[PDB]
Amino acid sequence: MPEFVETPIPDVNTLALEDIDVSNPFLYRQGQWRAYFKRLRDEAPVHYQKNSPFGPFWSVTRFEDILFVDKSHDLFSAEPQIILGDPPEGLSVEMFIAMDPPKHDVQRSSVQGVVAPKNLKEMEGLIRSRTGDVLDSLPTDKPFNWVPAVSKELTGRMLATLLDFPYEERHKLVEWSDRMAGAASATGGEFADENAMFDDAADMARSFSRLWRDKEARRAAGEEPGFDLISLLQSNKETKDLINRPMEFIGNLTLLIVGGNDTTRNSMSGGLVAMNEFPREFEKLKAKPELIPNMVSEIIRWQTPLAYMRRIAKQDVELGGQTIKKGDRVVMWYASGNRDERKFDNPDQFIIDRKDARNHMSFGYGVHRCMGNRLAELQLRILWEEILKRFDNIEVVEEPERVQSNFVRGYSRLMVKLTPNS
């Protein structure tokens, strides 16, 4: 697993169509991703790259084509993986995000109760109060890094709540999730030490087993089950014994924590970046706070926290005037589709009252459409409500540092200065 070392990305018009390689995990940081995807959308909407560090792959970059691919599980498989590359040999974990129907459906239906409306309504007060306390704690006298202070802080707490994982150890959930989703061989991310991946897998399984048993014993001793996933699984006849199917046990708990880890964090960081590029939108918001839910959809579209999901063609498929061969990897570039002017007028503008913001494809479409979508939107809505209660302005004071990945579109440093109300 070689490290990816940053080099300057040239202008896309310097290249031949055939040599456009969008697997490069520095395209987002260097701010080249937009022009690169624009050339793909306009000149090669269904595009084969025969030569990449991850092997050959197709890129699908227009909004309508991505819908078709994502919705067509009869034609494209999500197995065995949904990142572009491969996980390191021997620590593939099976997750339903990378499974086809019918097995996908059974696994998803066994956990979906944790984000049912009535269950999210139970989490709401705790989300609000944490959000409030975090924001109350922030300094207003000087800049600070919003990423660890707010985005990661609130996210780590949410992950712990989802499993009733011991609160004081929540950092481990985030760490385990980062290392899994950031493997160099998978996404071109910064994690290239396979030993730490094996260590984490071992520790996770020890820690999740211990928790499962602890929660069984607590329930038997008469603690009321909570709104978490483990309580939910222990309530249903079908999942009461999930610990004895180790692959589904680890897979489902892992998927749930990875699912809302960097996505929600980067949505939280992202809206401040968008507000800084389009500061009028923040005045519009203060004047019409009822826009928050639509703004949340706009933040998610604009940021597009996951750039893609990957599929394999189950058979030959004609698309965009090209022939995708059975067995070929195909990458649905949501980051491109959400900036497709054929769908969205003024795609690169952040417009918090954009009429069709809700139609973004940041959550995908079809049978793998993000199961946590309402939980993400809930958290974002609450963040901005609580921001509006406290702050007349939120200024980004330094160019953000962006994460190295072809999959995560994220921020590691976001220096912010707050100005309180009165």
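Residue numbers run from 1 along the displayed sequence.
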Higher mean Cα B-factor in the deposited model: 186-194 or 258-266?
-> 186-194
Mean Cα B-factor check, 84-92 vs 126-134, entry values; winner is 84-92
Most elevated Cα B-factor in the entry, residues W333, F227, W302, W146 = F227
Considering only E153, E238, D340, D214, which residue's Cα atom bears the greatest B-factor as recorded?
-> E238
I66: CA B-factor among chain residues, third -> lowest
Chain third (lowest, middle, highest) by recorded CA B-factor, residue given as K325 | highest
Third of the chain, ranked by Cα B-factor, where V12 sits = middle
Tell me, lowest, middle or highest third: where does the Cα B factor of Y48 rank within its chain?
-> middle
Temperature factor at the Cα of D392, chain-ranked in thirds, falls in the highest
